[PDB]
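Notes for the one structure printed next.
Nothing in this text is a laboratory measurement; each read-out follows from the coordinates by a stated rule. Virtual Cβ from ideal backbone geometry, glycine too; neighbours counted across all protein chains shown.
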Amino acid sequence: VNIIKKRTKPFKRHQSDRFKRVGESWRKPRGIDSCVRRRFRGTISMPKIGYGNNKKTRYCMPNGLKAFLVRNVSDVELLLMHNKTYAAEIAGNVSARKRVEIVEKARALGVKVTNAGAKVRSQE
Amino acid sequence: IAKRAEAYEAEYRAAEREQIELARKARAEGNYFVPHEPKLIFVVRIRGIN
Amino acid sequence: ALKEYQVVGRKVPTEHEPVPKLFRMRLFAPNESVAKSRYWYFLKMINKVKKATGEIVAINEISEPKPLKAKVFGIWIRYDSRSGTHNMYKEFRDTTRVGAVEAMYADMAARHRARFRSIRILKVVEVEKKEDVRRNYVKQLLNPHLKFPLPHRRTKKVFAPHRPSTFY
Amino acid sequence: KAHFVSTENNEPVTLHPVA
Amino acid sequence: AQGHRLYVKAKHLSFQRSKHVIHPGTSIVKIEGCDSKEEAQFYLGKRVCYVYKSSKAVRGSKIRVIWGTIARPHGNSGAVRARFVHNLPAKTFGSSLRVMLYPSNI
Amino acid sequence: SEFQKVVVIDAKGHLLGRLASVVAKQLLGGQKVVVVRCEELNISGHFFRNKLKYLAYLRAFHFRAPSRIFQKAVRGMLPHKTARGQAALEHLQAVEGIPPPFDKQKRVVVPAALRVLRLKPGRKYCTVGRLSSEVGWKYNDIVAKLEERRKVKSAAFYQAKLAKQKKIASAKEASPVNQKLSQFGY
Amino acid sequence: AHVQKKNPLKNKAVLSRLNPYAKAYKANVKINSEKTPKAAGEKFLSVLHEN
RNA sequence: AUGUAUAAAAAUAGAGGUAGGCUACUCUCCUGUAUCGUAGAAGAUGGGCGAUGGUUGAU
RNA sequence: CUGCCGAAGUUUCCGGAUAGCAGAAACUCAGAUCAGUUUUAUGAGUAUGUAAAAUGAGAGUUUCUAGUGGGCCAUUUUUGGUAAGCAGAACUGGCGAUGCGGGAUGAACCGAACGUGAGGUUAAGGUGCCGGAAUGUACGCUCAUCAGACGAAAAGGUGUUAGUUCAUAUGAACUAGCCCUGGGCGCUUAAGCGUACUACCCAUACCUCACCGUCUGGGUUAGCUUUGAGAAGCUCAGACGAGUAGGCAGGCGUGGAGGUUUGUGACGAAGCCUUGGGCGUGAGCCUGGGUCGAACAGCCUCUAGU
RNA sequence: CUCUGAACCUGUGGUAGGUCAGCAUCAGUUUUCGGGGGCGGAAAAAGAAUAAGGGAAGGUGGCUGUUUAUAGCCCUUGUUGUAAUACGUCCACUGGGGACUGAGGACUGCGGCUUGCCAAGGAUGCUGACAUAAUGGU
């Protein structure tokens, strides 16, 4: 089982690189006389459902796991049976007092943590 | 099914040989033998939908 | 490659005529499909016999009886042009009757910009007698002292080291 | 269907286009 | 003198392109010494590489190699199509290549 | 087939368009091409025909040297607007006559561009250097004078090489090893 | 059932399944052993060898 | 880089070489798929024999 | 934000009521009907309409309900024209809602109509170089001192090429073709023109496969140690994929409210910065580092100055 | 007594995952070279061999004219023959080379061999190196 991504480049809004007032977030071109909407040659690509990725490997990280946001130890214990499918991801607002206890708990549970070394140092 | 397949292959060989024998007889006798027109036609589309 | 096809055809029998007349034609075509189509063109063109009221009763490819002996062939054609009415007679020297027609189709296209459809060869006959030849080049080809220099052949292997001999 | 055409008294005649 | 040269010299000509569209996934390689598509059949499946150098050194070596494999002939003049592990850069047009004798079937 | 890092081409009797096309294709192959004797290039057609063709061009800089005439033909067959075609041009050196650095180097010819192998017998052709003599080039007389001087020296070297070659050729059959195992075609 | 389509003209195992007759076919059978009588009468030859 | 190897001219619809005393000769061409070069822990250590030559570096 | 449907651009009466086109619902049906179908034959005048064989598709409704209610070009037909052109109607499709290969380039020309990709093979057009692909084969034609290559134009030519025919080896009259006169570089026994035959190049087209989505057709509960019953799940199969107006469905985000997470936070909330990393087709979301200093969020529902 | 793969000593027992590569055996697709055979075609046409006959040539000998000579050719039959070859077509006949894919996930089925085995309802074996760089990303 290998994760195949149909595309890795994001879909940027048209003319988003010419103006700062126009953001990069994708907006469907409504102009009728727009070359991007009519999909000429050399025009950028647009989000189509054809680019949708495999259902089995959807939401999967490159290591094969699906991210699961964790805010406390109780969240990480839910992954006792799903440690080969999901990786714990401690939330950004969880303090360092709880990040250490989540990482130690996730170690005994056999659960990978995506950001286990954040806001802490080590002392061997 | 196997017996049916063998009978079909025997029919094809006999039908081909008899056409050859009829043409050989007409050629030797100096007459002209015209084979029957075929009822089967395989049609292929060559132009697009535009 | 052209092929000489002998096509025999006749109209289907009816109550008016118990037995129909048999028409045989010799014509050149790459495949038997073209020969049958060209043969139907001639009968309609000539006897005014409908294709739908007729049929092809015999088709036969003819090979050259003596393809290893040089011969001279006389060819008569009919030309459809801007005027739409012409007739010429030409002579070619080769070993195969089909080869003359292929060479014949070359020069009309080269000179007169003619097509296969327009030309309708009436008759091809081998001209065995030297006196009957009406073309000077064939007569020159019939002398007992035929010996001439080589026509130039203008023959990856790029960047030759030495100047080519380009001679006998 | 297949049928024979007798050539007796119905010999083929060679045809040429009119000049 | 006489080196080793267990390979065959070759040149990178262009990508598999139409008049206005290029496909850098396949490169057209001219194995010099091969002059027809029938001759190109010997070199099908052989390992072709692009050997170049970079100023920065890795593991004490300044030579980097991109490996590929000849797939099929291209044209009547013995040029072949090669697919590399990394698509060859567009600047390597006219650059030399090395066609190995392995895998071998002789 | 096989190539060389640098190639010296003798442009005596080579058609202008045919040689330029092959040279332009070789330049885009990364090869270094040096064309000598650019003033003996031949062009099919009457010398009147090419005179008016050049006169029409006279009517940018109108170069008169035969070497720069050949370079113009090669330039038009390259993507000079891009860097790839720009680098190809710098890999070509077109000169009139045979300068000393290329005097003592092998000079190959391109049979696909040779006039004898490509022009119908009796056809009128014009020489580029001869054609350029009446358009502004004024060094044809001296270029010929050096050419005969080079030919005399080159012929003397050939006689020395031929006389030396006679020694090994005579000694080739002297050694019995040649006749003993000549079964290999050597 | 039928995850992948296999060609009977290349996969002999699928051909044996589809046609329980390929095991005994005898594709090449000698017909003209030692007779080969040339069957073309002079009337046909004269018509063919015309013009 | 990977042998970073090769100097006639000339016609081509004839030239060159070879040889005689420009007149008579002969041979070759018909490309380089040629020629030179090439064997060794990329090329070791000695014993040699044989060249006593060859391959070259150094000034 | 995504996905699925998707016109018309006009009959007719006359700003309209119709209709047509496109959907929704309820009905009855596949043993019933239908068709920019082809026939057969009856007649009638090569066609014509009608009636009854082939081929394909399951068909017929009823009700109400959005938009359109301009043309351009092209084909054919056309009537008169009339310096000549043209004009006038009608006939029919394409574009108008449509990208793609070629055509030097170009919106009307030649191919081809579109999910995301790997491989293969082609169309139109091409293979001297620019340019991917034969400086291919076999015949010929053409010399221009403006060819060719992609109206003064009719003709003339001590201009040719093939020549034919007729006169007595020649000459005359003729028969045509081409030249002369009237995209770039370059090409000339072509890299020109005509013919024939092989090979080769590559489109979003065709084939095989994978993946996405939609549509359609199934299977699945004494919930069997195959455990795969969020039955709103799981599962199997095939086809399909342009799209303006418009129709429909599902999602992303914002402020506040009820509930919930026995939720996060001075061991650092929110915000902002970042060539840190990840997820989603996308709207967007998660996260590391830096900055910062007191609040804040996920889920179900409600709400709107979103 | 049973249990704790329970701590440690003694085991030197075994078995060892991620990225990138090489090969083999296969399956799906495809491309490109061959070999053998059947059948058809005027049951190829030729042709050789070949026993004759006739003829003329661009004529050998004799002498442009001439007729096998002191060279031969063409036509016809005969001729071995049931020839060979080419072409067309077919083989559920066979031998290689290359490339791209490996979807699915106990068993079911359709087949072939002989319970088992299999190229049969979609890839597995055998190895390595690097991993502590390669592979990637920006």
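Couple of notes before you dig in:
- Two-site FRET efficiency, C:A106 against F:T82, from Cβ-Cβ distance with R₀ of 35 Å, rounded to 0.05: 0.20
- Taking 19 Å as the straight-line reach from the Cα of F:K172, the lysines in range (excluding those fewer than 8 positions away in the same chain) are F:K161, F:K164, F:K180.
- Local net charge near C:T85, Cβ-Cβ under 14 Å (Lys/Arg +1, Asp/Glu -1): +2
- Set E:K11/G:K6; C:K3/G:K12; E:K62/F:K81; G:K10/G:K30; C:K130/F:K120 screened for pairs whose C-alpha atoms are more than 29 Å apart: E:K11/G:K6; C:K3/G:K12; E:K62/F:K81; C:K130/F:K120
- With R₀ set to 51 Å, the beta-carbon distance separating A:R71 from B:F42 gives a calculated FRET efficiency near 0.15.
- Proximal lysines relative to A:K55, as straight alpha-carbon distance under 17 Å, when same-chain residues fewer than 8 apart are discounted: A:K5, A:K6, A:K66
- Taking the average, over residues, of other Cβ atoms within 10 Å as the packing measure, peptides C:131-139, B:21-29 rank B:21-29, C:131-139 from highest down.
- Those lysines that a straight Cα-Cα span of less than 16 Å connects to B:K25, excepting residues fewer than 8 apart in one chain: G:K35, G:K38, G:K43
- Net charge of neighbours whose Cβ lies under 11 Å from the Cβ of F:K104, counting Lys and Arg as +1 and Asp and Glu as -1: +3
- Cβ-based net charge around E:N87, under 14 Å, with every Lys or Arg adding one and every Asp or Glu removing one: +4
- For the residue pairs C:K21/D:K1; B:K39/C:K21; C:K157/F:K167; C:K90/C:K123; F:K12/F:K138, alpha carbon separations beyond 23 Å are given by B:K39/C:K21; C:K157/F:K167.
- Residue-averaged [θ]222 nm for the protein assembly as shown, counting only DSSP H segments that reach four residues, each worth -39500 (n - 2.57): -8500 deg cm²/dmol
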